[PDB]
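So the chains spell out like this:
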Amino acid sequence: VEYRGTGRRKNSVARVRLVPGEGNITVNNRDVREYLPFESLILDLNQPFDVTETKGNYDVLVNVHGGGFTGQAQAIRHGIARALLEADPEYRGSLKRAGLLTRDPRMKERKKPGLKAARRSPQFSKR
Amino acid sequence: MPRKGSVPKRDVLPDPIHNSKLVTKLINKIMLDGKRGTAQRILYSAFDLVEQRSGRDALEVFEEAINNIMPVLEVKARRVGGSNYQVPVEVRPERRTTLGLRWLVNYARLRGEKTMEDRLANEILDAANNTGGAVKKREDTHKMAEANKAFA
Amino acid sequence: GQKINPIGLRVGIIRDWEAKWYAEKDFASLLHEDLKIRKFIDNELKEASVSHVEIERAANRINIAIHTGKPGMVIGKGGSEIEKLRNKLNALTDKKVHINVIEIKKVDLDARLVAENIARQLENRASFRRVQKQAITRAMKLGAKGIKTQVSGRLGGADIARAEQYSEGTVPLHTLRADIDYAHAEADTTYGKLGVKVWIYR
Amino acid sequence: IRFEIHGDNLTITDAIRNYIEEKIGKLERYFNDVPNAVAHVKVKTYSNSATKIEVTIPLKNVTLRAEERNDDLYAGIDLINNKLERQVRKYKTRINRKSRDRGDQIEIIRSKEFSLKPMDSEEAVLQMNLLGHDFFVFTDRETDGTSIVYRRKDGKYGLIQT
Amino acid sequence: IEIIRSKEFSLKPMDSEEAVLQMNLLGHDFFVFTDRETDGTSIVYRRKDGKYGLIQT
Amino acid sequence: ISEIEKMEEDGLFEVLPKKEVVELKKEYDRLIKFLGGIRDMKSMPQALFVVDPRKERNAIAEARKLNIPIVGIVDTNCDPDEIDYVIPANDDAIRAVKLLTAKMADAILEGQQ
RNA sequence: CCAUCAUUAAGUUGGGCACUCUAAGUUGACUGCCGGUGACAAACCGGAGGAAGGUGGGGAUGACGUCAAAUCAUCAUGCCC
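Looking at the entry header, you'll see cryo-EM listed as the method and 6.76 Å as the resolution.

1. As for the environment of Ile180 of chain C
Residue and element names in this part refer to chain C. Along the chain, the position of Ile180 falls in strand β6 (residues 180–188). Judged by relative accessible area, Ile180 falls into the buried class, the value being 0%. For the pair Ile180 and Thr149, spaced 31 residues apart in sequence, the C-alpha to C-alpha distance is 13 Å. Not counting chain neighbours up to four residues away, the residues in contact with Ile180 comprise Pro6, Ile7, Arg10, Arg15, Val171, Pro172, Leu173, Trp199, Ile200 and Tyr201.

2. Here's the deal with the pairing of strand β1 (residues 53–56) of chain C
With burial as the criterion, only one face of β1 of chain C is covered, namely that bearing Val53 and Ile55 of chain C; the residues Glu54 and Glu56 of chain C on the opposite face remain uncovered. In sequence, β1 of chain C turns back onto strand β2 (residues 63–66) of chain C through a hairpin of six residues, with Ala59 of chain C there showing a positive phi of about 60 degrees.

3. A closer look at the interface of chain A and chain B
Contacts between the two partners involve four residues from chain A, matched on the other side by six residues from chain B. Considered class by class, the residues forming the side of chain A that touches chain B number two nonpolar, one polar and one charged.

4. Notes on the nonpolar core
Ranked by internal contacts, the top residues of the largest apolar core, which has 30 residues, are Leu26, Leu43, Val50, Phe62, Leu104, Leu120 and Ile124 of chain B. When residues of this core are traced back to their parent elements, those giving at least two are α1 (21–30), α2 (37–44), α4 (58–65), α5 (93–106) and α6 (116–128) of chain B. If one sorts the elements of this core by residue count, α6 of chain B sits on top with six residues. Apart from the residues within four sequence positions on either side, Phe62 of chain B is in contact with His18, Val23, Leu43, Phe47 and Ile124 of chain B. In this structure, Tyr19, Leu64, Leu84 and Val88 of chain D belong to the second largest nonpolar core, which totals 18 residues.

5. A closer look at the pairing of strand β4 (residues 64–68) of chain D
All names here are of chain D. Alternating positions in β4 separate cleanly, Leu64, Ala66 and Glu68 being buried on one face and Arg65 and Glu67 remaining unburied on the opposite face. As paired elements, strand β3 (residues 51–57) and β4 share five bridges and run antiparallel to each other. Directly across from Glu54, in β4, lies its bridge partner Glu67. Counted along the chain from β3 to the antiparallel partner β4, the turn is six residues long.

6. Looking at the sheet that holds strand β4 (residues 41–46) of chain E
On the basis of which strands lie adjacent, the open sheet formed by five strands has the order β5(D)-β5(E)-β4(E)-β3(E)-β2(E) and mixed pairing. The open sheet terminates on both sides in strands that have one partner only, identified here as β5 (110–111) of chain D together with β2 (13–14) of chain E.

7. Digging into the protein's contact with RNA strand G
Taken together, 24 residues are adjacent to RNA strand G, and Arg15, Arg17 and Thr102 of chain A together with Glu186 and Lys193 of chain C come closest. Protein-adjacent atoms of RNA strand G, using a 4 Å cutoff, are sugar or phosphate at a proportion of 89%. At 2.4 Å from a sugar or linking oxygen of RNA strand G is found a side-chain nitrogen or oxygen belonging to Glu186 of chain C. Residue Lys19 of chain F places a side-chain N or O atom 3.2 Å away from a phosphate oxygen belonging to RNA strand G. Broken down by class, the residue content of the surface near RNA strand G amounts to four nonpolar, seven polar and 13 charged.

8. Here we look at the side chain of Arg119 of chain B
Residue and element names in this part refer to chain B. By the secondary structure assignment, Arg119 is in helix α6. Buried and unpaired, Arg119 has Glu113 as its nearest opposite-charge partner, separated by 6.4 Å. A distance of 3.1 Å separates a polar atom in the side chain of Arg119 from the backbone oxygen of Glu113.

9. Some details on the interface of chain E and chain D
Each partner contributes residues to the interface: chain E has 20 residues there, and chain D has 20 residues. Considering only the surface of chain E that becomes buried against chain D, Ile4, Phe30 and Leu54 of chain E emerge as the three largest contributors, covering 29% of it. Here chain E and chain D share two salt bridges between them. Across the pair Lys153 of chain D and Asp29 of chain E runs a salt bridge whose closest N-O atoms are separated by 3.8 Å. On the surface where chain E and chain D come into contact, there are eight residue pairs in polar contact. The class makeup of the residues in the side of chain E that touches chain D is nine nonpolar, five polar and six charged.

Criteria and cut-off values
- Residues numbered from 1 in each chain as written, not as in the entry; some residues may be left out.
- Chains lettered and ligands numbered in written order.
- Part of a larger assembly, values for the part shown.
- Heavy atoms only, no water.
- Residues with missing side-chain atoms left out of burial classes, pairs and counts.
- Helix = DSSP H or I, 4+ residues; strand = E, 2+ residues; numbered from the N terminus.
- Buried < 20%, exposed > 50% of the residue type's maximum accessible area, 1.4 Å probe, protein only.
- Contact = heavy atoms within 4.5 Å.
- Pairing = 2+ DSSP bridges.
- Nonpolar A, V, L, I, M, F, W, Y, C, P; charged D, E, K, R; others polar.
- Core = buried A, V, L, I, M, F, W, Y, C linked by side-chain atoms within 4.5 Å.
- Near = heavy atom within 4 Å.
- Polar contact = N/O pair within 3.5 Å; in protein donor to acceptor, adjacent residues only side chain to side chain.
- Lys, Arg positive; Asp, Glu negative; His and termini not counted.
- Salt bridge = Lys/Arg side-chain N within 4 Å of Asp/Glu carboxyl O.
- Buried area = accessible area lost by both parts, 1.4 Å probe.

In structure tokens form, the structure reads like this:
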């Protein structure tokens, strides 16, 4: 059993799979606490399968790609959310109402020319 | 759009340790220059000294300390010209939450010790014991807005 | 305001290229051979009702397509001047093979012709407002939809320059569907240079 | 109250550099009682007609522009300082109207009048529908009495005679 | 055909407050009376608003 | 209106955007709102029949400039000077209209044959 | 680009795994769809429907015109030298 979902946020793609077992993540073939830096946002990263209560059910073992640590995280909780709707397909409203299953809504904004960087206009003296 | 109407205020994510929204909002205000981890580690080492110098867990102590910080009257200036132009106005509940967090951090940065390991926790136990520096400017607002009470 | 030229929006969006070759290595020098023979074709033809040219290059057989609102004048008398052009065009570059020419109907609805033939109605110095109105009234008479044209500097012979435009018809300069064609000529009147723009549509 | 002076094709002297600050400078120093600003003086010669003088003094809210197209660069500033002194008084009396004496501190039944008129009951139904009104009061054409056609809670019509 | 049932009433002088009282004591949405002080025929009615309206005829 | 209803009974209707379908139909009803009775009329009239010169004073002012003869229902608060062919009748009642505007509508039918 | 095969120095090699990913040619979001009491007058307000929701985010595009605004040193040319 391999329920393989994908997930994107902030220029960082994250594809997951779901092998049965218990809750244990193997992001880039290594431990999460030695890969994700400070362990705070991991309990916010466990929010999507919290509402389906499949804690001791699924090992995931993500292969992540690109971005940063808050771009790799917040993309595997969106990663397994596309995979949780092929594990519990009737539980789509439990994830739609609370968070995870929305999107990659927003990335960095374009630097316009004639300007310092990304909508921050430069200082002028004489008003 | 602050003249089409009001801006839609957005949701935050509560802390994992204390399971509190109020802790994460304290993380974001002590987050100087976008550094999330290097400021969150300091708060996670600025309530252990709280729980060392008092037996109670700090999630009780935090919401007990900020109640000696959060004022109930403030001053909004109305352009009346030659009048006092300082109307004592009560505080909305959203600004009631925020402005206590502001005074708690802005006077934690002006103590004798250098580490915010114990710059923060000293002012919390002062605010837990209704004393210190962030408490005494609430009384300064309660000696300013409560002195010009002719504009209720 | 600062209206940019209407072709520049649409090059590739709703139009195509006046040069359609490719060269990865040595892109620079054989790009100069284009505007060598964009100056040179504009030298000896000297308003032979030429609207614009196209250049395509492939395997040292480099093509040149000219439109020539008066066709046959570049050809000559049964392939005379078209062969008299390749006697110099094949010397300024190496090959210049397969020089040819196609024809266009509606000789003065292409905007390169419309700007040019009334700019040459200014060296004789006669009634610039009618020189405007000759172009507008004839435009949708011949089958156009929207017409717009102006003359900018030393207007009428005076000192202070004044723009003077005349318009009717749908000229959607901001709509990206529109096949707007403009042109700019350099009509001298021996008291400066008059500038004249046009805008045709369909 | 500096003077970034610069002349288009005119060499600036030093006799101008004392005549400016006495008139452009000092007569606006006692205006704007908290001053920190920079002036700008252009002198643009035109060989065909004359010179011109442009003096721009920006401030907190409203700037101060004036122009003279004279050729005398000493008599023209006698008119620039005249236009400058007028514009400051416009600015100050705009903001010196602070002195304004401002001292701080049942069921209504709307009547709709109608004039009673004689008609058929069918006519009263027609006119009542043309307004969507649930009540129409008229004098009956044949009976002569005051009649009220109304729409019941039934949705059917009822007729009252008063 | 449509039959409109007539309810005959005899017009009487009273206060507007009295007309409200009597109209409520029947639950009627319309009460027509002659105004005590103005002398004119008045119709107190309940609007689609639920509020009262007063018409003078 | 002789063209826009022809425009959607044939093709050139599937390729259009679904909101341009709306304004081509939002134009379509608003034509037959005002010009619905002038659907098949292509020339000037030779007589005009008005129910009220007060509320329809814009029509009567155009009638007297074209020298078109005019007939109309007038009453109190109506000027009979601009009407050449005067019908004094009531105007704020339906049967006063309908049992009087029908015979004038009937007046042309036995003028045909 | 390597879940399932391993001889992983990782050759990401053998097969091709082509599946996901990525890289490019196209289907789709508009007040289409409901409810308000809100009366029809469009909107607004609150839902659901999709990943996306109210010109989605951003770019390009700058009306008539104002300033004898700025370049005769990118060029081009009237006049003067």
